[PDB]
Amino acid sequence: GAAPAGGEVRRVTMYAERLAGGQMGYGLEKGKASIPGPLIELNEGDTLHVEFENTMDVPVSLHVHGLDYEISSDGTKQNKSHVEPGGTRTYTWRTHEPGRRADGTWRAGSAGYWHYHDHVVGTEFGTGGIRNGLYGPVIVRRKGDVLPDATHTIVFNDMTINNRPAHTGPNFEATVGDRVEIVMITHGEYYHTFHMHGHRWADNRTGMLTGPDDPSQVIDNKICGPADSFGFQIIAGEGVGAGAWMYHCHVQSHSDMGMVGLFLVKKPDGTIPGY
């Protein structure tokens, strides 16, 4: 389980659809929109052509963080790269490996925990579409990056997690020992502090120290604001064992009002103690 060298041109169809009760979501297939939208992952060097269709009765767009795009795939009304109702457009995202420039400085690669979202619904900064649920995670991996057993996306969108009703999680299940990858994105109006019980991570690209010389901070509590994105991998229950491990925003009124879910770590027989 280690990511390869990138460099493939790949193609994906994507759709924007209305969901129940005023919401809106991205999907890989019509009738399959989700909140958050589909996970996209790539290897540094890959190119991705998103053959995008707006099935909605209002204009919509797709704007991505981190990845390379020319201005024609900005996905903004300002640069006239939104999609009209019933319309179709191909968005192109590219990625690159790190390397030394001609001027001698080091050019950072595209790898990271990134995300895409709408930019034109409600306002010309996508305020309505993001509130409605038009956001999704993008993982760009670097060659040799350790691959996880599972990937789970947690989005703090105003006072919700993934636009869900308060105090309804979501929960994620794992088994003690699993290598679990979390992708953490924030949207909207408020700052938050994402906290996990039982587990901790490095505040750097991959969430893991690169070895004994990495001076990165090891934390279990990270402040974050609109359009911030980070990720990390942990070994479930490592050093702490099985249980219902809570994650939540640590802003006191936010947890109290429902920004909480469970990381359910099972013992090899499936049981979870005290839960």
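Note that residue numbering begins at 1 and tracks the sequence as displayed.
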Select between 232-240 and 218-226 the stretch whose C-alpha atoms have the higher average B-factor in the entry. 232-240
Per the record, averaged over C-alpha atoms, which has the higher B-factor: 36-44 or 208-216? 208-216
Per the entry, which of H197, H115, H192, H167 tops the list for Cα B factor? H167
At the C-alpha atoms, which of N163, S110, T175, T105 reaches the highest B-factor in this entry? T175
Going by what the PDB entry lists, where does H152 fall on CA B-factor within its chain: lowest, middle or highest third? middle
Ranking every modelled residue in this chain by its Cα temperature factor as given in the entry, which third contains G6? lowest
Is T88 in the lowest, middle or highest third of its chain when residues are ranked by C-alpha B-factor? highest
According to the PDB entry, is the CA B factor of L262 in the bottom, middle or top third of its chain, that is, lowest, middle or highest? middle
Compare the C-alpha B factor of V146 with those of the other modelled residues in its chain, then answer lowest, middle or highest third. highest
